[PDB]
Amino acid sequence: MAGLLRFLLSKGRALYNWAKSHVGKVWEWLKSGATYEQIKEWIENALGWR
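Dropping the structure here:
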């Protein structure tokens, strides 16, 4: 989990904040098996839309 958080932080701060706010989302993506890149992509796209 720590590695996942570090990766998100290195890519962006917004991604890190999102993961912290909703740990559930982090768990959901891990269960799915998606990729770290794809997951931040979705997150950043939603952020821009909002």
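For what it's worth, the deposited numbering labels the leading residue of the sequence shown as 1, then goes sequentially.
All residues carry an ideal CB built from backbone N, CA and C; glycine is no exception.
Subject >> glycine 24 (DSSP reduced to helix, strand or coil) >> reply: Position 24 of the sequence shown, counting from 1, holds the residue named residue 24. When secondary structure is reduced to three states using DSSP, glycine 24 falls in the helix class.
**OP:** Following the continuous alpha helix (DSSP H) through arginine 6, name the residue where it begins and the one where it ends.
**Re:** As a first step, residue 6 must be located in the sequence shown, where it is residue number 6. Element bounds for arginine 6: 2-11.
Original post:
Given a threshold of 16 other Cβ atoms within 10 Å of its Cβ, counted over all protein chains shown, does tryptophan 27 qualify as buried or as exposed?
Top reply: Counting from one through the sequence shown, the residue named residue 27 turns up at place 27. Exposed: under 16 other Cβ atoms inside 10 Å.
Original post:
Cβ atoms of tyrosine 36 and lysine 11: under 9 Å apart, would you say?
Top reply: The count along the sequence shown starts at 1 and reaches residue 11 at position 11. The count along the sequence shown starts at 1 and reaches residue 36 at position 36. In this structure, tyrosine 36 lies closer than 9 Å to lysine 11 by Cβ.
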